[PDB]
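Okay, so here's the structure we're looking at.
All values below were derived from every heavy atom in this structure, side-chain atoms included, with hydrogens, water molecules and symmetry-related copies excluded. Residues take their numbers from the sequence shown, with the count starting at 1.
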Amino acid sequence: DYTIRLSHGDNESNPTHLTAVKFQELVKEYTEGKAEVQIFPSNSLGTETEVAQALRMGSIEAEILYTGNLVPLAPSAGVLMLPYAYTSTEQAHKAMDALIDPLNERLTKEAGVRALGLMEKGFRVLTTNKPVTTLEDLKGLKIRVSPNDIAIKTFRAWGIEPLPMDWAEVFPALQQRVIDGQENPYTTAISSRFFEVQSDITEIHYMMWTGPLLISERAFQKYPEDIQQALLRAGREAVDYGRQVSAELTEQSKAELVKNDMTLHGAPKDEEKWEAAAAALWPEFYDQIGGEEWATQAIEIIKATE
């Protein structure tokens, strides 16, 4: 009856894909069979941003993508990236799910997309070749960030100029000992084998990997309310499920990094200092994330849930 092409940029063992499959099987269920989802993983249909454009005009019906690749089309989505907005996944879940509706009011006007669910795949934790348990421990460290304003300004707010570098340079830079550490999820430190070149991990909470499960707003509207309400449900559940898949993969990654001789210090002893420094930056991001009216509303909602 109806066919949903769903794009994403990861391989099939990723919680992203697993999330996709759940959405697939769940869609088949609530529409009895009137709707089928086909998954196109691993960037088969293009880049995450290109594909986002495909959704605008209806070419491709769905995708899971990193919030950062959506922002260029839909700035309002950038409120999902405010530094230190959440300190835990559970808290984050609650705050985002409160954002979805009003956020969707802006996603549709800006990019002809609607979020069926907001995914997250863990915090960008700090790795180092020495323990960092307080702000002062950051001093003198060369930490690479990806070339974005939020990462760059946050680390600066914390007393060090981070090194904006390309992903591909990060490992070699570590191995050659020409930088001191970096920040990514626990999963990356495993996949990238960062334990061969790093000794410590501190669980800062300035950033998570977030990404909407988007439906095209055209494809969505074309559908009979029977189809719509089913996709709305399958999506929230596929994400709740994927969120849980990620958590598990994270506990597993952790237990393994430790088996590979890394020390996991949990949060910073003086975390409220990191949070404070990061949170004061917020008004400096309003313009790149949809404007002060939306940013502040977004902030109002997030904090209320907290």
| request: Applying side chain to side chain contact (heavy atoms under 4.5 Å, CB included), name anything that partners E36, two or more places apart in sequence or on another chain. | output: none
| query | What residues, two or more places apart in sequence or in another chain, satisfy side chain to side chain contact (heavy atoms under 4.5 Å, CB included) together with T19? | reply | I64, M119, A238
Can you tell me how far the [atom1] atom of [X] sits from the [atom2] atom of [Y], to the nearest 0.5 Å?
X    : Y    : atom1 : atom2 : answer
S246 : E120 : OG    : CD    : 5.0 Å
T87  : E203 : OG1   : CD    : 10.0 Å
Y86  : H205 : OH    : NE2   : 13.5 Å
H93  : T305 : NE2   : OG1   : 12.0 Å
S199 : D261 : OG    : CG    : 10.5 Å
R5   : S7   : CZ    : OG    : 11.5 Å

Honestly curious: do [X] and [Y] fall in one hydrophobic cluster under the side-chain, below-4.5 Å linking rule?
X    : Y    : result
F40  : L116 : yes
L99  : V71  : yes
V37  : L18  : no
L45  : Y66  : yes
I299 : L281 : yes

Taking the side chain from [X] and the backbone from [Y], do they hold a donor-acceptor pair closer than 3.5 Å?
X    : Y    : value
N14  : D10  : no
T202 : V132 : yes
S216 : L55  : yes
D180 : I143 : no
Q198 : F195 : no
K142 : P162 : no
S192 : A189 : no
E48  : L70  : no

| request: In sequence, state the C-alpha distance, the side-chain angles, and the governing distance for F155 and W158, and then conclude on ring-ring contact (aromatic ring centres under 6.0 Å, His included). | output: CA-CA 5 Å; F155 277 80; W158 289 343; 4.7 Å; yes
Between [X] and [Y], what is the shortest heavy-atom contact and its length?
X    : Y    : answer
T31  : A230 : CG2-CB, 3.5 Å
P83  : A278 : CG-O, 3.8 Å
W294 : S76  : NE1-O, 2.9 Å
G117 : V239 : CA-CG2, 3.7 Å
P15  : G242 : CB-O, 4.5 Å
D270 : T134 : OD1-CA, 3.0 Å

Name the atoms and distances for all side-chain donor-acceptor pairs under 3.5 Å in residues 220-227, with sequence neighbours left out.
unit_1	atom_1	unit_2	atom_2	d
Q221	OE1	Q228	NE2	3.4
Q221	NE2	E217	OE2	3.1

Min side-chain heavy-atom separation [X]-[Y] under 4.5 Å:
X    : Y    : answer
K94  : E90  : no
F123 : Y186 : no
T187 : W209 : no
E110 : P75  : yes
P212 : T67  : yes
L107 : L214 : yes
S253 : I190 : yes
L141 : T128 : yes

| Test log, rule side-chain contact (heavy atoms from CB on, under 4.5 Å), inputs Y30 and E237 | CA-CA 12 Å; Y30 307 158; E237 294 185 8; 2.6 Å; yes
| task | Starting from the C-alpha separation in whole Å, work towards a yes-or-no answer on salt bridge (charged side-chain N to carboxylate O under 4.0 Å, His left out) for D149 and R156. | result | CA-CA 10 Å; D149 204 35; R156 176 186 294 141; 5.9 Å; no
| request: For the residue pair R124 and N184, confirm or rule out a side-chain donor-acceptor distance under 3.5 Å. | output: yes
| said: Applying side-chain contact (heavy atoms from CB on, under 4.5 Å) to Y2 and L231, what does each step give before you reach the verdict? | reply: CA-CA 12 Å; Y2 294 99; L231 301 178; over 6 Å; no
| said: My understanding is that only residues two or more places apart in sequence, or in another chain, count here; which of them pass side chain to side chain donor-acceptor pair (under 3.5 Å) with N43? | reply: none
| task | Could you walk me through whether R243 and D97 pass salt bridge (charged side-chain N to carboxylate O under 4.0 Å, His left out), step by step? | result | CA-CA 12 Å; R243 284 169 171 182; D97 296 351; 2.7 Å; yes
| field | Verdict with reasoning, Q252 to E248, per side-chain contact (heavy atoms from CB on, under 4.5 Å) | value | CA-CA 6 Å; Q252 175 178 314; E248 296 185 346; over 6 Å; no
| field | Which residues share a salt bridge (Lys or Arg N to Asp or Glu O under 4.0 Å) with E196, sequence neighbours left out | value | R193
| Hey, mind stepping through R56 and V113 against side-chain contact (heavy atoms from CB on, under 4.5 Å) and telling me if it holds? | CA-CA 6 Å; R56 166 157 62 238; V113 303; 5.8 Å; no
| request: Carefully, step by step, assess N11 and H17 under the rule side chain to side chain donor-acceptor pair (under 3.5 Å). | output: CA-CA 7 Å; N11 74 34; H17 188 62; over 6 Å; no
| said: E306 vs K303, test: salt bridge (charged side-chain N to carboxylate O under 4.0 Å, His left out). Steps then yes/no. | reply: CA-CA 5 Å; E306 296 178 346; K303 300 266 91 150; 3.3 Å; yes
| So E256 and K259, salt bridge (charged side-chain N to carboxylate O under 4.0 Å, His left out) or not? Walk me through it. | CA-CA 5 Å; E256 196 188 353; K259 293 190 83 62; over 6 Å; no
| query | Tracing side-chain links under 4.5 Å among I, L, V, M, F, W and Y, which residues wind up in one group with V178? | reply | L163, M165, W167, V170, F171, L174, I179, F194, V197
| query | If you draw a 6.0 Å radius around CD in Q38, do more than 12 non-hydrogen atoms from other residues or ligands fall strictly inside? | reply | yes
| Around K153, counting heavy atoms of other residues, nucleotides and ligands shown, do more than 12 lie under 6.0 Å from its NZ? | yes
